Protein chains: 2
Amino acid sequence: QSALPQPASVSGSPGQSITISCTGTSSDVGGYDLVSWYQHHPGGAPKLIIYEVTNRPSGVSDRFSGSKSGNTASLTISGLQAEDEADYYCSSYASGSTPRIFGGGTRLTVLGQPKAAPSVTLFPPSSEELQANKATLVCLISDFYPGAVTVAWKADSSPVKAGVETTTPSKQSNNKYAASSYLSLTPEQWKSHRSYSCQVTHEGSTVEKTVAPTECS
Amino acid sequence: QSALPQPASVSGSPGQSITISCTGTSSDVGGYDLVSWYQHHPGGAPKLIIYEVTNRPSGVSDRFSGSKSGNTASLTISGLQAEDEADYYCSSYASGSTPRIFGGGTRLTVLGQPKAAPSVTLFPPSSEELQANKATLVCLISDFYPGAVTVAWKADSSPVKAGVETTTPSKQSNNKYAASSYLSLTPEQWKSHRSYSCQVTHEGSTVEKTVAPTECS
């Protein structure tokens, strides 16, 4: 059931041609010609737009097309239109105990303004919280576009996932996106390291902020 | 192509069973033995749980069950658990250009979950932030249920409404909610006053936390 990786976000400006990849193995995408693509709007019926790797149902724009190469499959959309914004999913027959596996889905955005890198602000544990036998880190992520980032926390140099909660991006006044994440942990774990960091990747570019336990008065 | 009506949503209490119908026709559900069901959390990869009407991938709990009655298909979930909350979709092979069609999905909610009190963690402005002439107090609200709550700020005991931004609650890893409220203010503002507070009211009960101009960090 392990999701075939798909980029969370893909963007382009009107008239541009875009590509969405679906990565699999030789036990599915790569070993069979049974890949399907679906167009979907949150809280709506998925719509099959490509079956058996390259076949398109009558009624589906010819601007959409499916391809496969090696263990990766792709859905290419040329002449991007505002209406084309949706979530696209891929799926493939699989030889395992699960007949068909799906991709994590890709949210397609049609650029309505230039790409904007995220602003990150990291807040360390407040003494009051520590002096309550509790520790928590907060990482604020605002003003980015398209609305999708990947967040990873680091205990000095090692990534930490347990104890991490990250919200999905929501559109803000200015049309850009905001999101937040926090790392829960013990005061001991906090003082235990040289630092903790919040890494936010956006469109292949990473922004990292750091904090460190500092003994005061 | 043709759709498959499913109830928009359904609910039940722990230990109860539920049924989700997939009203089709002799051209789809009743025309073949190829009905599938999927579990899905918004933003993630759909998981196949029933296929060929009654078959089930091993690894999927036997509490989930698929059946057919003429042109309508059903998903029956025995002894509901909190963990079963998700969106469920059906699909079926179909005559016509489109090989498979899907229902609009049903959102399953599990009632009776235990009420939980939110833990409020109040953060003083970020050093990097204050250093950039900006100041933001962060009131992190986590681990509460149901996901409804109201916030209120105070400056040296007086209500403050300007510069307040409060996000809408979202579920976390556990089946509990998390939300935040932000208070914007200038650094001079942060120093001038002495005690800013964040009052969170969850289900009648009201918890509050406070902060003030630190000294070292």
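The chains referred to below are lettered A, B, ... by the order of the sequence lines, with proteins before strands, and numbering in each begins at 1.
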Heavy-atom contact with chain A under 4.5 Å, split by part of B:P42: neither
Chain B contacts, top residue of A:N55, A:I49, A:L140 (heavy-atom pairs, under 4.5 Å): A:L140
Contacting moiety of B:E128, where chain A heavy atoms sit under 4.5 Å: side chain
Part of B:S119 within contact of chain A (heavy atom distance under 4.5 Å): side chain
Closest heavy-atom pair and its distance - B:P46, A:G103: CD-O, 3.8 Å
Enclosure of A:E188 CD (heavy-atom neighbours >12, cutoff 6.0 Å): yes
Which atoms of B:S126 approach chain A - backbone, side chain, both or neither, heavy atom under 4.5 Å: both
When B:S127, B:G43, B:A8, B:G104 are compared by non-hydrogen pairs under 4.5 Å with chain A, the top option: B:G104
side-chain contact (heavy atoms from CB on, under 4.5 Å) between B:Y182 and A:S180, intermediate numbers included: CA-CA 11 Å; B:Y182 308 102; A:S180 63; 3.7 Å; yes
Closest heavy-atom pair and its distance - B:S97, A:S58: OG-N, 2.7 Å
NZ/B:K154: more than 12 non-hydrogen atoms of other groups inside 6.0 Å: yes
Segment of A:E52 engaging chain B (4.5 angstrom heavy-atom cut-off): neither
Which atoms of B:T121 approach chain A - backbone, side chain, both or neither, heavy atom under 4.5 Å: side chain
Segment of A:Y51 engaging chain B (4.5 angstrom heavy-atom cut-off): side chain
Residue, of A:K209, A:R107, A:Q6, that accumulates the most heavy atom pairs under 4.5 Å with chain B: A:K209
Over 12 foreign heavy atoms within 6.0 Å of CZ, B:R63: yes
Heavy-atom neighbours of A:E83 CD exceed 12 at 6.0 Å: yes
Test item: A:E165 and B:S142 side chains (from C-beta on) under 4.5 Å apart, heavy atoms: no
